[PDB]
């Protein structure tokens, strides 16, 4: 195998690392308002905001989209993958967020491709050639499936990385102490498991329904 020298246990850490050079996650977009309006003011209200957000659009769009493209990639169904990306593109507002999401997806793909010693396989190659509105979550789904990374593991690492980013945004913006940030992340571990279990129960009919 061309990937004999590749260890997915490290590669999954690598692509979820904050330094993986694809630009910043976009979760910060709809947070500034909550802070200005005195909605999020402390650890308690930050946690409630995070739990609500994680279980709404983050779940029914981002996490679910990852699961859907992962599953479709295993079936080698590019048409369904492009279909999922189309639904997301047509559902995302405002335009600035859509553009930021598309930029992030494109950068994720390009960053993988720049690692010439990593063979993503023909299906991924074709996905990269055809995608019009990639997102980080959908492209990551195809990536994980392509390399044979288990779905639940792929979801756990992605979920943690996204949520770490969300929490640090609250830490910096509210602001909160660093200790409060760590308490929040610890408090989110049970909800994380509930989110993954729920994600596995959903399907295309639930996509973008939050």
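Take the two forms, superpose them, and find the largest set of C-alpha atoms that agree within 1.5 Å; that set is the rigid core. Numbering follows the first chain given and starts at 1.
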In 4 other deposited structures of this protein, with the rigid core superposed, the stretch whose C-alphas stray more from the shown form, 21-29 or 8-16, is 21-29
Superpose on the core, then say which of 57-65 and 36-44 ends up with the larger RMS Cα offset from this form in 4 other deposited structures of this protein. 36-44
Tell me which of 12-20 and 191-199 has the higher mean C-alpha B-factor in the deposited entry. 191-199
Between the two ranges 132-140 and 98-106, the one averaging a larger CA B factor in the entry: 98-106
From 177, 55, 65, 165, which pick has the Cα B-factor that tops the rest in the entry? 55
Per the entry's Cα B factor values, which of 171, 59, 151, 161 stands out as the maximum? 151
Just say lowest, middle or highest third for the CA B-factor of residue 185 relative to the other modelled residues in its chain. lowest
Classify residue 40 as lowest, middle or highest third according to the C-alpha B-factor given in the PDB entry, relative to its own chain. highest
Ranking every modelled residue in this chain by its Cα temperature factor as given in the entry, which third contains residue 122? highest
Would you check the entry's CA temperature factor for residue 46 and let me know if it's in the chain's lowest, middle or highest third? middle
Ranked C-alpha temperature factor of residue 146 among modelled chain residues, by third: middle
